[PDB]
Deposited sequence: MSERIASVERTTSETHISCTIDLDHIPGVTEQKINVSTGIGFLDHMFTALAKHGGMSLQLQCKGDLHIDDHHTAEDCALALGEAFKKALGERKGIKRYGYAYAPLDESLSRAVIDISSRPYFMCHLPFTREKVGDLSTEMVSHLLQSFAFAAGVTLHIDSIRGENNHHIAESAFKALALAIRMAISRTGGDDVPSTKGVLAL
């Protein structure tokens, strides 16, 4: 029984739709990912999050071009799909390198939203997206998902690498935590 959930939100200025699948029929089915937030870099991060997290994800945000809202919808869908959380490993942790950067993610998929992080960015924006917003998106995701999450940059120079290594680490940790 696949863990699937869909979430849709509409305001006068934005429409957000998100569908997620936590599983796949081995051999038979495969991961499918389409992310369009209006921010190229964020799209890259959420895509990396879904790919390495072993999940399928449809996330589109239309409207006259904050982003926290897409992190929230994602977290909302993840939480619904997790449903009962019966039979899962629950605790997950992982390290992910990206050339010179190294990040760690530790997650407890319980029902206690909590978020701690250490991300020493050095520019103002990362490509399409603002750096200060990274910690906020992750907090939004964790709070909406109802999980306890700690994200830590171990070392890193390039803000893109720090950001991407963190999302990959979160992905691997989630993959570990949600497995049954």
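Novice: No C-alpha coordinates means not modelled. Give me those stretches of the deposited sequence in order.
Specialist: The deposited sequence has unmodelled segments at 1, 67-72, 188-202.
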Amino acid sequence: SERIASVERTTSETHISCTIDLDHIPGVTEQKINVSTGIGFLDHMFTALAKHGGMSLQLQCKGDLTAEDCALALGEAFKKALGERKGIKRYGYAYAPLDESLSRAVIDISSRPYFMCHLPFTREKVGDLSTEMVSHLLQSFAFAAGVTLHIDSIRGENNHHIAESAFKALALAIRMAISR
From here on, numbers count along this sequence of modelled residues.
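Novice: Regarding 89-97 and 104-112, which shows the higher C-alpha temperature factor on average in the entry?
Specialist: Averaged over C-alpha atoms, the B-factors run higher in 104-112.
Novice: I need to verify one thing: averaged over C-alpha atoms only, is the B-factor higher for 38-46 or for 149-157?
Specialist: Higher of the two, by average CA B-factor, is 38-46.
Novice: When you compare the CA B-factors of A144, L65, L57, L138 as listed in the entry, which one comes out on top?
Specialist: Max CA B-factor in the entry, restricted to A144, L65, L57, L138: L65.
Novice: Should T19 be placed in the lowest, middle or highest third of its chain by the C-alpha B factor in the entry?
Specialist: Its C-alpha B-factor, which the entry lists for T19, ranks in the middle third among residues of this chain.
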